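> Handing you this structure, nothing more for now.
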Amino acid sequence: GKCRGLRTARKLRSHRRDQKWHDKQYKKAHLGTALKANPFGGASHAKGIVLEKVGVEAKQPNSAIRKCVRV
Amino acid sequence: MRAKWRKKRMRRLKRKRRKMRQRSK
Amino acid sequence: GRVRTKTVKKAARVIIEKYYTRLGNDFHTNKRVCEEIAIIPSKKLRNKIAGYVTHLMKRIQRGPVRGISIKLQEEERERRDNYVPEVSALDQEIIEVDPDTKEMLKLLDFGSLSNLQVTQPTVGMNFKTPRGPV
Amino acid sequence: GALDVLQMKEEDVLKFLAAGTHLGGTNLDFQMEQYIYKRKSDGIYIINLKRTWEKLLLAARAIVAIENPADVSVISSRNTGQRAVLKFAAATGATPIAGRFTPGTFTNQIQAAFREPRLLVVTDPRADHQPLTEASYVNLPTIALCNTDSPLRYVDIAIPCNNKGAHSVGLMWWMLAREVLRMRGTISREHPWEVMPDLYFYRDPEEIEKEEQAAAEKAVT
Amino acid sequence: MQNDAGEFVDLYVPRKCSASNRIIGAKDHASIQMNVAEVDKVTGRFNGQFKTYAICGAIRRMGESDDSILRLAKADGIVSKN
Amino acid sequence: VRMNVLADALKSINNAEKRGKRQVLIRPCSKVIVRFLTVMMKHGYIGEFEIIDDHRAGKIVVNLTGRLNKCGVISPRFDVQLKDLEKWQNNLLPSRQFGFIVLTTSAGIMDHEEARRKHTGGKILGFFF
Amino acid sequence: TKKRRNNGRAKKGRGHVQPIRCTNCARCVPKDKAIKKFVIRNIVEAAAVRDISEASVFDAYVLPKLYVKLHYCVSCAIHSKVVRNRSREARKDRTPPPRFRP
Amino acid sequence: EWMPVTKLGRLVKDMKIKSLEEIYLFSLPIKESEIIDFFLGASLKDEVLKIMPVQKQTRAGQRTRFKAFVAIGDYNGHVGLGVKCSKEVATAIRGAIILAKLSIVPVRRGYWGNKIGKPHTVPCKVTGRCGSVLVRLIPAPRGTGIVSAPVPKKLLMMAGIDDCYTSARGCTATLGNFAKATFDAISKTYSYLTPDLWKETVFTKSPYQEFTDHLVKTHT
RNA sequence: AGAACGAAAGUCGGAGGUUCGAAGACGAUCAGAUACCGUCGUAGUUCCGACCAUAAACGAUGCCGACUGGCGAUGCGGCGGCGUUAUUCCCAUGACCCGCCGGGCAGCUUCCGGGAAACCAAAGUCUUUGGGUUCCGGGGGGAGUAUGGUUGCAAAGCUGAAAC
RNA sequence: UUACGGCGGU
Ligand SMILES: [Zn+2]
């Protein structure tokens, strides 16, 4: 079981902070490799230049060509 | 593929790149 | 292929339950009785009912079949309600006990109100049949 | 039975001991240690007769407390207990079930085999348990004359007598028939009740009609 | 159920088991209420009245209603007095 | 390795009242658990109890009345201030009409209703309803 | 799912039992998973009894029995039909089948 | 046009039993849906919750049946929840109204404090589990309203309760079990001993012994 | 934190080498047989010494404490009793017989209660949630991979991500 | 004794 006594606030608060590193949406927001990885760099929009029209093919039950670019 | 034989073909493969790195230091 | 379906057996049971006083172990009379007293849509199930009627004639003349007919229900009263025996099976005035249950009837305070001879339990403790297969 | 009119009345001890009624076989349920006296050297548990007398009166007070006499249902599944249940119900005016107890009698209100009783009394707890667990659905108090083997789940006035021998079962239905009539103006407590306890016993095999005519060449001819 | 005005604001009052003091519910269909007709002293016959005892289905299913209804016959002068 | 004896005492009472029993046996006695039981006897949840005085730690036999729902314990003896007391009430009481968080004050083991009649916040010791 | 309460094996208070070997296929099984069968077959093949007792040098000869203990892996106990696949509620009985000798 | 077949429906048509609250306290098994329709007629609305198509696989295609969840109740302390499968929607949904009135329980109402008038909330906090879903109904102060998901609020408003804090854990997207869990919580508001229910009950006379006239004199 | 021991396989060294037997050789069977099957057979299997420290190392259930149904049986102690059998023609202890008490490996029944259910007398005493304390889980993969440290003669072990 | 496969979406 867990710790319950009026003296274990060091064990409880240290056991919570290292078990927070085990869900994604805390760890992608607090470990910093995930914001040094997304090409927006932590933003919502980005201007860029177009290199190539490229058409990817749709997934498993569908069949169409999704029109994409190579910004 | 069986998990103990997925283990073998990556234990065989991690000694293959433990040697490539050791080769080209 | 002889085995008789449920409508043959059920309708023949309601004849023998209800018109037992008119029937017998002759096939060719029961065929005429069941023609007159039932409503039978064709001739083939008529005498296929009547044959099962004669079968149960030899069957209920032997013993208590599922037979709520008035005679087979009345004669059992001569067993369960009669046979009040002229002597009793509880009244023999020489009945055995063991010396532990003479102690039981003494703290009921009936030790001197009864005759109640004792029998000693023979030495033993050889109950509890032996364990294990063989 | 805290009275003097309801005391043990020593003649029945001569009837109890001449029918079994105090011999419980070899193991006991944990809820019947209060009813038992001691174990023999045979292993047979013998039963305090003061305890089985006081419950039989207590069972009788429940049956007298039912207003309609044709409303208590008296039931039996095994054969040793089917003759007693027929003329217990004739005596105290109950309604019997002998033979197989069809499941769905107390709770399935559609078919015409629907009895709706207020109190039920049983020959045997573990051998006639289908009416017990079905009384559990329809909030119905149950008496069951029980032996030391028998488990005591839904029973209420479990009579700790016997349910194995044929002399014991018929006498206990006789003793319960006698006293439930004697708590009315039917038997005065004074004269002995002339209905014989041999009348409620389980019936002999087929030599019945043979033995009686072998000693009746002087009454018919 | 005795508000501050002092009134009964309650659909009914439920029974409770004379063995384990707990409430018989509205659809506990194993709960019995049964009568014990006591007898008058001198003649030993049925005098007209009785006593009622309610046994809830949870303590009736556990198998000690016979221990129960003897014990509340023990307190109420019917049993043996030994 | 009986770290709390009030926790063990109140667990045994709670198992037996849901079982249907009329008497329990509480095998170690202390003065903390006899002043716990003489808060719920006075409110009326248990009855006559005897302390069986022996020369090691005594036993207690309690007569269960049936009116007890749960008699749990808060096993870290948390401290409660009188500003903090009202939110301890609605966490572990079933209603506001009945049930008591019983807590040890400087002036004795009390109720929560008795404790705010005085002005003497303390350490929360257990609850019962 | 756990199929059986014991794990098909009669070990409770141990860590390890001896391996024994199957009789027909020689497979390594533990001593308490293995399906045992003790055979007390008479060596004379009972059709051939009244052809040797007349050829005997006695008038009443006690014919010796043969006492061979079999034990099987359960992959060969099921195929040889010495045990049978059972229903999920007729499984909780450890009583053996009847004998039916005459 | 209803002739009864049981004792309990027999004593209600001739108007010898009055105002259901005693056959609740003698814990009768109600058998016919006309008894509850007899007392609580013209005070019952019947609205359904969900019609879900359960189905089974067969040798030739699939048996497709329908599973109706209906809640019935007045606004003064009575609720039912009935569930019935049938092959077709309209006949499944019709027989569930019978099964919902046939299983009707009284809900107990209480106060948050300041017991000033008509009771408005649950007397204590209660719980109902059904499979994995536990519904916790918590007494709210006066003037709150029902703070819950829609489908337990459909049954609490149909229980004649004013205001109730509510929490819930589990697969609450399992409408049938999330309706029977909250129905179980309002099925045990009277199965809970509060200190206004301490004094030992006087036992009145049950209708099977108090009405033995109409069975013996009139039925026979 | 830091240690002790830890199946089998494996490594280093020495004894030994019957049987079995990875590898390999062949004979078959096969569309193909680098498999099943058969004949032979190296390392290995056995012992001593030194290492490695992992298993479906599983009751897939951490340890300590308490409370909460029943029944028969078993193993080891202890206590009490009819009797039976031992040199005993008397003994005391042995063997059985009937119980009780404690610790144990389990079983059978149960609407104790629990649980998503299989099932569990614990996996119960839990929204009526708090007996102590340790380890550990957070959708599936990538991945027990990468790299850093560290242990090892090696094989590898422990620690252990992210991009996607 | 031998019995190996069965396009994608519906
Ligand atoms: Zn084999």
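Chain labels follow the order of the structure tokens: the first chain is A, the next B, and so on; residue numbering restarts at 1 in every chain, and ligands are counted from 1 in their shown order.
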Please list as a list in words every residue within 9 Å of residue 125 of chain I, counting only C-alpha atoms (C1' of nucleotides) and excluding residues in the same chain fewer than 6 positions away.
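Near neighbours after the sequence-gap exclusion: residues 11, 12, 14 and 15 of chain F; 67, 68 and 113 of chain I.
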> Using only C-alpha atoms (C1' of nucleotides), please write the residues we just selected to a file, as a PDB file, in the first residue's frame.

```pdb
ATOM      1  CA  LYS F  11     -12.389  -2.896  13.026  1.00  0.00           C
ATOM      2  CA  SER F  12     -13.476  -5.859  15.154  1.00  0.00           C
ATOM      3  CA  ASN F  14     -17.438  -3.233  12.653  1.00  0.00           C
ATOM      4  CA  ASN F  15     -17.029  -6.825  11.434  1.00  0.00           C
TER       5      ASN F  15
ATOM      6  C1'   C I  67     -11.064  -9.528  12.638  1.00  0.00           C
ATOM      7  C1'   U I  68     -14.835 -12.220   9.819  1.00  0.00           C
ATOM      8  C1'   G I 113     -18.684 -10.147   1.432  1.00  0.00           C
TER       9        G I 113
END
```
> Compute the set of chain G residues within 12 Å of chain C, using only C-alpha atoms, and express it as a list in words.
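Per the criterion, chain G yields residues 94, 95, 96, 97 and 98 of chain G.
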> How would the residues just picked look written out with N, CA and C atoms as a PDB file, in the first residue's frame?

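result.pdb, freshly written:
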```
ATOM      1  N   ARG G  94     -12.529 -35.992  -8.082  1.00  0.00           N
ATOM      2  CA  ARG G  94     -11.317 -36.787  -8.165  1.00  0.00           C
ATOM      3  C   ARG G  94     -11.594 -38.269  -7.991  1.00  0.00           C
ATOM      4  N   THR G  95     -12.840 -38.677  -8.090  1.00  0.00           N
ATOM      5  CA  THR G  95     -13.142 -40.090  -7.941  1.00  0.00           C
ATOM      6  C   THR G  95     -12.827 -40.834  -9.239  1.00  0.00           C
ATOM      7  N   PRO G  96     -12.309 -42.054  -9.147  1.00  0.00           N
ATOM      8  CA  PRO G  96     -11.975 -42.808 -10.353  1.00  0.00           C
ATOM      9  C   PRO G  96     -13.218 -43.409 -10.984  1.00  0.00           C
ATOM     10  N   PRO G  97     -13.141 -43.816 -12.249  1.00  0.00           N
ATOM     11  CA  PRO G  97     -14.259 -44.540 -12.884  1.00  0.00           C
ATOM     12  C   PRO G  97     -14.482 -45.899 -12.240  1.00  0.00           C
ATOM     13  N   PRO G  98     -15.646 -46.523 -12.444  1.00  0.00           N
ATOM     14  CA  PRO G  98     -15.885 -47.850 -11.860  1.00  0.00           C
ATOM     15  C   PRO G  98     -15.056 -48.935 -12.533  1.00  0.00           C
TER      16      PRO G  98
END
```
> Residues within 8 Å of segment 21-38 of chain E, please, as a PyMOL selection string. Count only C-alpha atoms (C1' of nucleotides); anything in the same chain fewer than 4 positions from it doesn't count.
(chain D and resi 58+61-62+64-66+135-141) or (chain E and resi 14-17+46-58+60-61+78) or (chain F and resi 65-67) or (chain H and resi 24-29+105-106+188+190-193)
> Taking only segment 132-181 of chain D into account, list the residues labelled alpha helix (DSSP H) by DSSP (computed from the backbone), as a PyMOL selection string.
chain D and resi 132-135+166-181
> List as number ranges by chain the protein and nucleic acid residues lying within 8 Å of ligand 1, with only C-alpha atoms (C1' of nucleotides) and all ligand atoms counted.
G: 22-27, 72-77
> Once you have the residues from the selection above, write them out as a compact mmCIF listing (two decimals), in the first residue's frame, restricted to C-alpha atoms.

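Printed below is out00.txt as written:
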```txt
# COMPACT_ATOMS: atom_id res chain seq x y z
CA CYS G 22 6.72 -41.13 -20.43
CA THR G 23 6.41 -44.78 -21.29
CA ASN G 24 5.44 -44.82 -24.94
CA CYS G 25 7.01 -41.62 -26.29
CA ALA G 26 9.72 -41.04 -23.63
CA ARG G 27 8.84 -37.44 -22.84
CA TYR G 72 2.12 -41.03 -19.41
CA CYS G 73 2.60 -37.53 -20.61
CA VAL G 74 -0.83 -36.07 -21.19
CA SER G 75 -0.20 -35.47 -24.87
CA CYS G 76 -0.06 -39.28 -25.12
CA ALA G 77 -2.63 -39.92 -22.40
```
> Hey, what does DSSP flag as strand (DSSP E) within segment 16-178 of chain H? Can you give it to me as an NGL selection string?
:H and (45-52 or 55-57 or 62-64 or 66-73 or 78-86 or 104-106 or 126-130 or 133-139 or 146-147 or 164-169)
> As a ChimeraX atom specification, please: the residues near segment 9-17 of chain G (cut-off 6 Å, only C-alpha atoms (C1' of nucleotides), same-chain neighbours under 4 positions excluded).
/G:32-33 /I:105
> By how many Å are atom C1' of residue 8 of chain J and atom CA of residue 65 of chain A apart?
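So the two atoms, atom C1' of residue 8 of chain J and atom CA of residue 65 of chain A, lie 16.3 Å apart.
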> List the spatial neighbours of segment 49-52 of chain C as a ChimeraX atom specification - criterion: any atom at most 9 Å away, only C-alpha atoms (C1' of nucleotides), same-chain residues fewer than 5 positions off excluded.
/C:4,7-9,11-13,27-28,30-34,44,57
> Which residues are near segment 76-78 of chain I? Cut-off 10 Å, only C-alpha atoms (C1' of nucleotides), ignore same chain within fewer than 3 positions. Put them as a PDB file with N, CA and C atoms (P, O5', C5', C4', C3', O3' and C1' of nucleotides), in the first residue's frame.

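Contents of around-v8.pdb, as written:
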```
ATOM      1  P     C I 101     -10.673 -27.420  19.930  1.00  0.00           P
ATOM      2  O5'   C I 101      -9.189 -26.983  20.289  1.00  0.00           O
ATOM      3  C5'   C I 101      -8.922 -26.348  21.525  1.00  0.00           C
ATOM      4  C4'   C I 101      -7.447 -26.254  21.808  1.00  0.00           C
ATOM      5  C3'   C I 101      -6.578 -25.715  20.693  1.00  0.00           C
ATOM      6  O3'   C I 101      -6.653 -24.312  20.551  1.00  0.00           O
ATOM      7  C1'   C I 101      -5.540 -27.598  21.664  1.00  0.00           C
ATOM      8  P     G I 102      -6.669 -23.664  19.087  1.00  0.00           P
ATOM      9  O5'   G I 102      -5.137 -23.528  18.701  1.00  0.00           O
ATOM     10  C5'   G I 102      -4.240 -22.836  19.549  1.00  0.00           C
ATOM     11  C4'   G I 102      -2.815 -23.215  19.256  1.00  0.00           C
ATOM     12  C3'   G I 102      -2.384 -23.095  17.812  1.00  0.00           C
ATOM     13  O3'   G I 102      -2.105 -21.760  17.437  1.00  0.00           O
ATOM     14  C1'   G I 102      -1.585 -25.126  18.724  1.00  0.00           C
ATOM     15  P     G I 103      -2.544 -21.200  15.998  1.00  0.00           P
ATOM     16  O5'   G I 103      -1.419 -21.753  15.022  1.00  0.00           O
ATOM     17  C5'   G I 103      -0.074 -21.362  15.219  1.00  0.00           C
ATOM     18  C4'   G I 103       0.921 -22.269  14.540  1.00  0.00           C
ATOM     19  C3'   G I 103       0.720 -22.585  13.078  1.00  0.00           C
ATOM     20  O3'   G I 103       0.960 -21.500  12.207  1.00  0.00           O
ATOM     21  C1'   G I 103       1.448 -24.514  14.196  1.00  0.00           C
ATOM     22  P     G I 104       0.051 -21.329  10.894  1.00  0.00           P
ATOM     23  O5'   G I 104       0.403 -22.606  10.006  1.00  0.00           O
ATOM     24  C5'   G I 104       1.677 -22.712   9.396  1.00  0.00           C
ATOM     25  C4'   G I 104       1.971 -24.092   8.862  1.00  0.00           C
ATOM     26  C3'   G I 104       1.336 -24.463   7.541  1.00  0.00           C
ATOM     27  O3'   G I 104       1.966 -23.831   6.445  1.00  0.00           O
ATOM     28  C1'   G I 104       1.290 -26.315   9.014  1.00  0.00           C
TER      29        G I 104
END
```
> Go through E:3, E:20, E:80, E:65 one by one, measure the shortest atom-to-atom distance of each to chain H using only C-alpha atoms, and give the residue with the smallest value.
E:3
> Please, what distance in Å, to one decimal, runs between atom CA of residue 176 of chain H and atom CA of residue 158 of chain H?
17.0 Å
